[PDB]
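# Coordinate inspection notes
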Amino acid sequence: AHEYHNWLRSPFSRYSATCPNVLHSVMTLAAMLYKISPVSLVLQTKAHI
Amino acid sequence: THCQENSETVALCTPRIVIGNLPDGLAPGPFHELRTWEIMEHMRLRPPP
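Residues numbered from 1 in each chain as written, not as in the entry; some residues may be left out. Chains lettered and ligands numbered in written order. Part of a larger assembly, values for the part shown. Heavy atoms only, no water.

Regarding how it was determined, this PDB entry cites cryo-EM in its header, along with a resolution of 3.50 Å.

Encoded structure:
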């Protein structure tokens, strides 16, 4: 139960319950994985994401 | 509601335990279906499976 030291917290389980079962949701889980960091931010925004 | 008891008239009161109990003059039938649609929209099942 170490949710604060865990890598993947409760917002993922809450989103999973209301999931529509189409492949678009899978990429939505994949998209949420984007990192919060300086290098990740600059690379992400340089693509205009 | 008024009611008869052993040849005398008395008053009677009960709780509206379910929202459906409301007479449709104060809550029409189509309103309940569209409220269910709002339920579905909150639950992301906007088109039913």
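Our focus in this paragraph is a nonpolar patch on the surface. Residues and elements named next belong to chain A. Nonpolar side chains collect at one region of the surface, where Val39, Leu41, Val42 and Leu43 lie side by side and expose about 400 Å² of accessible area between them. With respect to the helices and strands, the residue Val42 is situated in helix α3 (residues 38-46). With relative accessibility at 44%, the residue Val42 sits in the partly exposed group. (Patch = residues over 30% accessible without salt bridge, like charges linked within 9 Å, V, L, I, M, F, W, Y side chains within 5 Å. Areas by Shrake-Rupley, 256 points an atom, 1.4 Å probe, with all protein chains shown as cover. Salt bridge = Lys/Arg side-chain N within 4 Å of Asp/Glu carboxyl O. Helix = DSSP H or I, 4+ residues; strand = E, 2+ residues; numbered from the N terminus. Buried < 20%, exposed > 50% of the residue type's maximum accessible area, 1.4 Å probe, protein only.)

Here the focus is the state of the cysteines. Throughout the structure, instances matching the rule amount to 0 disulfides over all chains. With no disulfide partner, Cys3 of chain B has as its closest neighbouring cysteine sulfur the one in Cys13 of chain B, 13 Å distant. (Disulfide = S-S within 2.5 Å.)

Along the chain, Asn21 of chain B turns up in the loop between β2 (8-11) and α1 (29-42). Sequence spacing of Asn21 of chain B and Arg35 of chain B is 14 residues, and the spatial spacing of their C-alpha atoms is 15 Å.

In the Ramachandran plot, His48 of chain A falls in the positive-phi region, its phi being about 75° despite a non-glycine side chain. The residue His48 of chain A is located in the segment after α3 in this model. Although it is not a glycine, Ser7 of chain B adopts a positive phi angle of roughly 70°. Along the polypeptide, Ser7 of chain B turns up in the loop between β1 (2-5) and β2. Taking the relative accessible area as the measure of exposure, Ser7 of chain B reaches 77% and is therefore exposed.

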